[PDB]
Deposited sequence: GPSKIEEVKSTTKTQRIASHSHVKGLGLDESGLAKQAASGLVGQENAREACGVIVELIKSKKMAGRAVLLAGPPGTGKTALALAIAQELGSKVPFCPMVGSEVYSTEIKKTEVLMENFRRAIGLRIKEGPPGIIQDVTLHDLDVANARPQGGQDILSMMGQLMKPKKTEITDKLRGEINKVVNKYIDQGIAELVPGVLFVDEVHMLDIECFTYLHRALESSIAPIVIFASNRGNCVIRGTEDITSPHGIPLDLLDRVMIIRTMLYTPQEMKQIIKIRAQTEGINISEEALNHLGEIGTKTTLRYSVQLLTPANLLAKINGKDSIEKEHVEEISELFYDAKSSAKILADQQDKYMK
């Protein structure tokens, strides 16, 4: 049973890889990716590095503005790494739970990022749950590991450590960075952090870049992501619409692309489904400039919606 959180990887369905040529240069539009060339090219170097077994102790940081494909690149890194590599996208804040401890939240996402080839492509977690289903314990983990280990020593199975993507890294506390430090220091996956912030106070007065302490940042490589051109904005929206199965006019694409540059690429893409449903109620096939203009007026981006309340106070 595949316990992959389907929803978390729903905005990146079109991403098939980095789309770089035999040497290592990015094409305008390849493997579902558009623009963001320098970042895509730098990702390929890390793809060759893991395959060269030279990422030992080394981690990755994809830092830039939100909606500049930081999650998309991290997914493509797993895609390029091998055939169906275990990609787990977590958020720094996910460890803060009243119900379960940080340790078990981190372990769960780590097991979700280490796979197994038996051709049966199943992760360590997709087997952890198979054993319990009342709750995943540490003795229960030893039971799966005893099974997992013999498979290699019998030659039946080969282990595949993947990609653990972490957005909002500055949110993790001092204890959480120490946990990751041991994890990275091992058949462990690749920790890829993503930050939209600069100098930040480490959670738990000690300020440092991206909220990551200097002890971990010494072993961290940074790959910058950049804002998109209005031509790239039109492309990414068109891909998402082609992946979603929604018809849209180029007259509306200019507007929806302009909306994106003004707000964010994530919000403009998320406007496709409501714009589609507005049109279905009118009995149309495609989305026109007026359909976008209406939805963009009906709905607001969190940035301009909190601006109205401040304007009113």
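Absence of C-alpha coordinates is noted for several segments of the deposited sequence, namely 1-8, 127-133, 149-167, 221, 240-241, 351-355.
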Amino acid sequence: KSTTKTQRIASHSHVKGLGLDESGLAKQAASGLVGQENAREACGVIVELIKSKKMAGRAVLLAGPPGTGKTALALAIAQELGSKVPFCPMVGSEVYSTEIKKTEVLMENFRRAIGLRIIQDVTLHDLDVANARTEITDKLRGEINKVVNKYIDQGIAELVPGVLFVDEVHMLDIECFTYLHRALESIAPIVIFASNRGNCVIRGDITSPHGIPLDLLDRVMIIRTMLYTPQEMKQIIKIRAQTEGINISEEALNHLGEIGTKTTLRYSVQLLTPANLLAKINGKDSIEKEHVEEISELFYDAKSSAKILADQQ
From here on, numbers count along this sequence of modelled residues.
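The mean Cα B-factor in the deposited entry runs higher for 149-157 than for the other of 149-157 and 173-181.
Of the two segments examined, 245-253 and 42-50, it is 245-253 that shows the higher average Cα temperature factor in the deposited entry. Of all the options 34, 281, 60, 63, the entry's greatest CA B-factor is assigned to 281. Per the deposited record, 141 carries the highest C-alpha B-factor of all listed residues (210, 219, 141, 111). When the modelled residues of the chain are ordered by their C-alpha B factor, residue 68 lands in the lowest third. In the PDB entry, residue 101 places in the middle third of its chain by CA B-factor. When the modelled residues of the chain are ordered by C-alpha B-factor, residue 117 sits in the highest third. Per-chain ranking of the deposited C-alpha B factor places residue 197 in the lowest third. Split the chain's modelled residues into thirds by C-alpha temperature factor. Residue 95 is in the middle one.
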